[PDB]
Amino acid sequence: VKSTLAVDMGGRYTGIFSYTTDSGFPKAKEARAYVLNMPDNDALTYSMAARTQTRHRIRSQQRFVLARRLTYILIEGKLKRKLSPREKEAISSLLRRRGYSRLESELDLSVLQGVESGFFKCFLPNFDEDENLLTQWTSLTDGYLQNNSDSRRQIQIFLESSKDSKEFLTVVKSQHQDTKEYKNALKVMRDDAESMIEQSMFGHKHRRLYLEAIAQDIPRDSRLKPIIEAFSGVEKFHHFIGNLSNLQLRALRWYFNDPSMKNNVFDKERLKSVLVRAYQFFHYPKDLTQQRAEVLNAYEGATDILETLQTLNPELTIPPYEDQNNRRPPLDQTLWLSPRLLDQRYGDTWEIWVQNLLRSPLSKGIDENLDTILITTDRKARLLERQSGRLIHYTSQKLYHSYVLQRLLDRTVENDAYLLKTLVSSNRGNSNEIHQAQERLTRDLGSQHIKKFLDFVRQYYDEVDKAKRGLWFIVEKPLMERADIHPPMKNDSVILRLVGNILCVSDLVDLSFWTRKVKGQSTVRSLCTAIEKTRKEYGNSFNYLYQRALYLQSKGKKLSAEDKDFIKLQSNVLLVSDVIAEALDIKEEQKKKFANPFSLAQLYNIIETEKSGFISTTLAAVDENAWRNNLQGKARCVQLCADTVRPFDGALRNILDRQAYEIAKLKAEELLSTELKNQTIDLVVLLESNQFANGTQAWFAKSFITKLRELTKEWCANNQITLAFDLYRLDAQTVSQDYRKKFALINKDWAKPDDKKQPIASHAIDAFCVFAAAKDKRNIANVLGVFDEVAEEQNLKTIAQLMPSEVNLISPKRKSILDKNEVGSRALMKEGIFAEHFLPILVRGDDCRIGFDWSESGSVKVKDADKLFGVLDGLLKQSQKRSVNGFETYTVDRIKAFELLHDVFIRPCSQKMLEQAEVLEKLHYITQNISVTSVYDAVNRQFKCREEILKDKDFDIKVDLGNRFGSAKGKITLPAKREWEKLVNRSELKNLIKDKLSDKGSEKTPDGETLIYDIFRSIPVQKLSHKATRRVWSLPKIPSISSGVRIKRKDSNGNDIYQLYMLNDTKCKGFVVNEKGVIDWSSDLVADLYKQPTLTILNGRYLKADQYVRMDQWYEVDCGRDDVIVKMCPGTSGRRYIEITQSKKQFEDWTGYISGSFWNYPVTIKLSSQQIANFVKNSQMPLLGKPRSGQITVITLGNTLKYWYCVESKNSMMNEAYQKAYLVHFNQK
RNA sequence: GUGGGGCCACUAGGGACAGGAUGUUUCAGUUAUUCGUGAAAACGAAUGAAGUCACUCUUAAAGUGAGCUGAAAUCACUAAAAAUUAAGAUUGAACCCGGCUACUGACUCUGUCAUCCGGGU
DNA sequence: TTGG
DNA sequence: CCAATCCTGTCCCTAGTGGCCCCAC
Ligand SMILES: [Mg+2]
Ligand SMILES: [Mg+2]
Ligand SMILES: [Mg+2]
Ligand SMILES: [Mg+2]
């Protein structure tokens, strides 16, 4: 029984062709074809960039919160009194906007005095040659600081123009000026301009600049006058604040990491221990030591820690760069002959065979360096045994025996007198060499257990051959063991043996050829540095140019410009090789191994640039491979095998992950359908022909195979299947060179459309061709059918009838928030908070209005207002009465209104409460600030019109109070519109913004955004040195809300803060169903994760649901025809989900959609408005409606299509038919 | 010409740690006074910062909106810390606690600390 | 880009 | 019709391009 599954593989679209042979060789119609969508990152997130950005945003917020908490704790501990809100506000103002921790180098502007300013007139036209460049640059920078508009525009022009320096370099070269000096000066002035822009317009500032700013601002702030009094001076308070603000998030995460600290208790010992924990976490730079020492001696030796924070300079405690070099070391992939598994398999006898083999004279010198190699742990199991302090499987003797065994089995053809891999192969011959090797064997090991040793040898060679193919995981019973322990990163002891190769040195204890100066101070290192510099400059063309130059020189041809340089490099490398041979005493052949520029360059890189990460394998593996290579002479034994590399390209890994299961599942569903009743074997075959533009294929195969075993272990163990696997990878172009073309010609149905991008079914066709191919290899896919190999026409005409009029599509999706138990792994609420207002009530007497002012546009008249006031009752708040002679204003109490809106949402409420909740939500409206730069179209590079900016959709509020709430019916204009008008009617803008769309022509203003900035860039006095910069100015509008949720949180003072967000995902989990089986389509059944005491869904009310129908529950509804079959599910609260299975001719007749048969169809079809209208008018069924935006998601293709879509809008007929189907199922139970 | 394996250079791709700035909303204050002198040209300064504009009333006393300034919040369950905006079938990652018996790293020259190892969430 |  | 936006230091990793030198099929 065969279970071949051919996979085309791809970035997104994955073609699969799978079958189960069952009845015999090849298969009947049982064959199946699938295509895998693997959607984009927005439909199924794989990249963690957004996730880690959110995590670091939360990390920064929590860092600030914990720093403020600790600062308040310490300040209250010193004061012996609680901080007033003003003191808290001042302290937090000090703690806000600390600079970045990067290292800043002072700019050397003096070099600007060494150049002529005229050559800079291309970037600085206003400059002249009559004055020094430094003076003009200082004046320009000072004007920029003083907000001089001319200086601002000059800086902007210089920054924009000096992006490319080629013209400036040509100009300076025209006067024979040094290009390097002028380039350095230009770089210096560019750096100065960029720093000025970053500090002034972004307002970043360094940490030291932040410390200086708070030092200047602490005396001026009077709210800190008591605090400074308790801290015995401004300097000590500044030191304390700067020291606290220098703490990282992890330092503040410690200390507070205690359940007893929810009451914010202050203890000096914990603070000192935490501060010692920090500044020991950092790896300070070597040049930055003696500053680490100062901080550590201050903190560790602190007898008061609070007085130490007050006395230590905050500039010393600025953290260094975070070097997470040991965050996750790679795992060594070396495969080691494991004495643990050797014990588990053969008892003691394997060491007995090793001992017997060692005694033979032919095994002399095979344990040459094992006394010095065994001291280094090589595998995870040996590491665990040594950690436990009890070596049982991995003693020194056992490790020696395993190493000797592995060396003997892996000996090269020259050194193998026993001729393994031939004396053991099942296809062995009967020559005299085999007989004499057998006689040489079993003379030491013994004929009593020769069979066991040969079985061991066969299994070992088979599994190392599988490892060499990158599929060592398939063996299901490993006798080798992966290292899975971290290697070191290239330290000096590692360095000595890394230079052992290349130079071919056996026991290099010290690099004497580099230190003892055989040829003076210029010994090797300078010449090798020059070689490396030249090779890096020439790049990847270095080898080609060097070879051409050497060939020309050997032929005696004329030398080119670079030929002399290459010959000089050849002489230099010859000299370096001579010096190395003199210092090491190596033979001619041993010397030639590194007589090329690449070897010397890599030696220099090793010695001088060693800090470049971890090495691949452990030192034991490196030493064993060095012994096996034996570069001093000929090689003995082959190098150690290794597994495929576990680390991958992150999200790409995830891709394959999902793909694997999304194929394995299908295979499971294919295998579960057939019993096969045979307890012997099933041969699952993998064929992969990924069209790369094994690496990723090996990991994909690993995941697919492991997940298939995990899926089918139950079905296998129930009735003894015990699946077997084999991997086959085909050539990149062979399947697409002739097989695909021949099949396209034979069938004439798909014809290999290409069309610059393969359609959805083309990948399935390619996977089918992969299955059909590989039969000619006779080694890969050897037994894929009978090896008859009939003529080309007959051979290829018996395979062209596949794809039995169906091509299934699998579209992975990100599960659902309803089916997810850890709902925190999903974005619940969208970013951005919306403002929640309530319309004021204006009362003159018997005349009442709802709105902002008594104008006919600013308010709506209310009749019978006593009903409104009676229903509102305690939810209204008087405006402190004030001058009642004018009028009375009643404003909705925000706290009571929000509490009541949560009460009516989270639990059943009385009729009065629901009534006043309805009134509150009728008075409710939502606004949000949008930037004034929205008046400018950043895509068309022109300003919008007044009708496109002041549209009534963004400023009108509908008042629709019913008869029992007065009769307040009308529309109000948001007063913020009058603030938008003032912006549009501004003098700087009244001409740029046109009046209407027709008036607005093709005129463009590329610098409109900077113009708007300069309009709104206000110039405050420098009263505070720690002020925040502003670069966004906005005005309110009425936004397009979507699933509003009001969240209750706590401020620093413990009050209730209500903030309105938009839900990012599904809100309704289903539709409630009564005892009679009737679905209530008009009720919102909010998912249970939103029913929290701190969450209030907008317009949501309590709804009891003992029985309901889920949004996923599909049913085949009572369609009016037998030609098509349609299924419905609720899907979403407002839009049903419709799945239609129908003849493809019916789909092409209903819709004006034309394509090159179903083979050319896409997975997602975008219907035009004409196609949507055709589909609606030709389906003759409002039961199915129309797709949302003409989007159709195809499930299966062929003569009978099967697709699904989300409707544009729900219908009564949709609900009626789904209710009929659900009632049928409910009554039938 | 074949792949496998150890070491170097090049771009990119991925994950993590530190974060920076600005937004959005909530709350509060501003709707403004005083000195340089008293002609006050007119701007500078002090009050921690902000002190402005528009609309609706009636005999200035305001209501409403915006702006400005300041802090606070900025997924929920969920709170001291952690996890929490990826997947979920399975996982990865993150963080905390313990240890130097030991794989790796920073110090150090012989003992600490970890991003390491073992647990837990 | 899909649930309001 | 709606979904906040940019930039910065470090470290380690995977995958192409060429080149070094061992072992082969
Ligand atoms: Mg604000
Ligand atoms: Mg804050
Ligand atoms: Mg170490
Ligand atoms: Mg620890």
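Only this structure's heavy atoms are used, side chains among them; waters, hydrogens and symmetry mates stay out. Order of the sequence lines sets the chain letters (A, B, ...), proteins ahead of strands, with each chain counted from 1.
- Nearest-nucleotide assignment on DNA chain D puts the 5′-proximal partner with A:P1039, out of A:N629 and A:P1039.
- A close approach under 4.0 Å does occur between a side-chain nitrogen or oxygen of A:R51 and OP1 or OP2 of B:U84.
- Cation-pi check for A:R1031 over A:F202 is met; the charged atom lies under 6.0 angstrom from the ring centroid and within 45 degrees of its normal.
- In this structure, A:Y255 places its OH atom 15 Å from P of B:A80, rounding to the nearest Å.
- The base of B:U104 lies close enough to the side chain of A:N326 for a donor and an acceptor atom to sit less than 3.5 Å apart.
- With the 5.0 Å side-chain criterion applied to paired bases, A:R1031 registers in the minor groove alone.
- Contact annotation: A:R328 does not reach the phosphate of B:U104 (side-chain N/O to OP1 or OP2, under 4.0 Å).
- Base pairing analysis places B:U121 opposite B:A94; the two distances defining the Watson-Crick or G-U wobble pair are each below 3.5 Å.
- For the pair A:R826 and B:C77, the criterion of a side-chain N or O lying under 4.0 Å from OP1 or OP2 is not met.
- Whole-Å rounding puts the A:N325 CG to D:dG9 P distance at 20 Å.
- Annotation: B:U121 and B:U78 have their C1' atoms spaced 14 Å apart (nearest Å).
- Figure legend. B:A12 is base-paired to D:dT14; pairs are counted as Watson-Crick or G-U wobble with both atom distances under 3.5 Å.
- For A:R102 against B:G19, a side-chain-to-base donor-acceptor contact under 3.5 Å is absent.
- Summarising the geometry, the separation between OH on A:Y46 and P on B:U85 is reported as 18 Å, rounded to the nearest angstrom.
- Between the side chain of A:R1188 and the base of C:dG3 there is at least one donor-acceptor pair of N/O atoms closer than 3.5 Å.
- Between A:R57 and B:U74 there is no side-chain polar atom (N or O) within less than 4.0 angstrom of OP1 or OP2.
- Using a 4.0 Å cut-off, some side-chain N or O of A:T52 falls inside it from OP1 or OP2 of B:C17.
- Look at A:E532 and A:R535 and you find a salt bridge, because one of the NZ, NE, NH1 or NH2 atoms lies within 4.0 Å of a carboxylate O, short of that distance.
- Nucleotides B:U110 and B:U101, compared at atom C1', are 16 Å apart to the nearest Å.
- B:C117 and B:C100 are spaced 10 Å apart, taking the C1' atom of each and rounding to whole Å.
- The phosphate of B:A106 (OP1 or OP2) has a side-chain N or O of A:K611 nearer than 4.0 angstrom.
- Looking at A:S1042, its side chain comes within 3.5 Å of the base of C:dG3 through a donor and an acceptor atom.
- Straight-line distance between the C1' atoms of B:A94 and B:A81: roughly 13 Å, to the nearest whole Å.
- Judged by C1'-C2'-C3'-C4', the furanose ring of B:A39 adopts a south pucker.
- The gap from the P atom of B:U91 to that of B:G14 amounts to 26 Å, rounded to the nearest Å.
- Within the 4.0 Å cut-off from OP1 or OP2 of B:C95, at least one side-chain nitrogen or oxygen of A:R327 is found.
- On the P atoms, B:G67 is 11 Å away from B:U26, given to the nearest whole Å.
- Nucleotide B:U30 forms a Watson-Crick or G-U wobble pair with B:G67, both donor-acceptor distances falling under 3.5 Å.
- Here D:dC21 presents its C1' atom at 12 Å from CD1 of A:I606, a figure rounded to the nearest Å.
- Base stacking between strand neighbours B:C100 and B:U101 is not detected by the criterion of six-membered ring centres within less than 5.5 Å and interplanar angle below 30°.
- Of the two grooves, A:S825 engages the major one, having a side-chain heavy atom under 5.0 Å from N7, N6, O6, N4 or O4 of a paired base.
- Here A:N654 does not reach the OP1 or OP2 of B:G14: none of its side-chain N or O atoms lies under 4.0 Å away.
- Here B:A72 presents its P atom at 10 Å from CG of A:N1053, a figure rounded to the nearest Å.
- The shortest distance between the side-chain N/O atoms of A:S616 and the OP1/OP2 oxygens of B:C7 is below 4.0 Å.
- In this structure, A:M201 places its CE atom 11 Å from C1' of B:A21, rounding to the nearest Å.
- Judged by Watson-Crick or G-U wobble contacts below 3.5 Å, the nucleotide D:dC6 has B:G20 as its partner.
- Between A:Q928 and the phosphate of B:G23, there is no side-chain N or O to OP1/OP2 separation shorter than 4.0 Å.
- A:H204 places its NE2 atom 4 Å from the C1' atom of B:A21, with the value rounded to the nearest Å.
- The base-pairing partner of B:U37, taking Watson-Crick or G-U wobble contacts with both distances under 3.5 Å, does not exist among the strands shown.
- At the phosphate of B:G70, neither OP1 nor OP2 sits under 4.0 Å from any side-chain N or O atom of A:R96.
- At B:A72, one or more side-chain N or O atoms of A:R68 fall inside 4.0 Å of OP1 or OP2 (strictly under the cut-off).
- For B:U85, neither phosphate oxygen OP1 nor OP2 lies less than 4.0 angstrom from any side-chain nitrogen or oxygen of A:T45.
- Atom pair A:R277:CZ and B:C95:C1' shows a separation of 11 Å (rounding to whole Å applied).
- Judged by the sign of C1'-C2'-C3'-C4', the sugar at B:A60 is south, the angle being negative.
- OP1 or OP2 of B:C17 has at least one side-chain nitrogen or oxygen of A:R59 nearer than 4.0 Å.
- On a pure distance criterion of 3.5 Å, no polar donor-acceptor pair joins the side chain of A:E981 and the base of B:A54.
- Atom P of B:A82 sits at a distance of 10 Å from the matching atom of B:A18, rounded to the whole Å.
- Counting atom types as modelled, A:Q387 pairs a side-chain N or O with a base atom of B:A102 as donor and acceptor under 3.5 Å.
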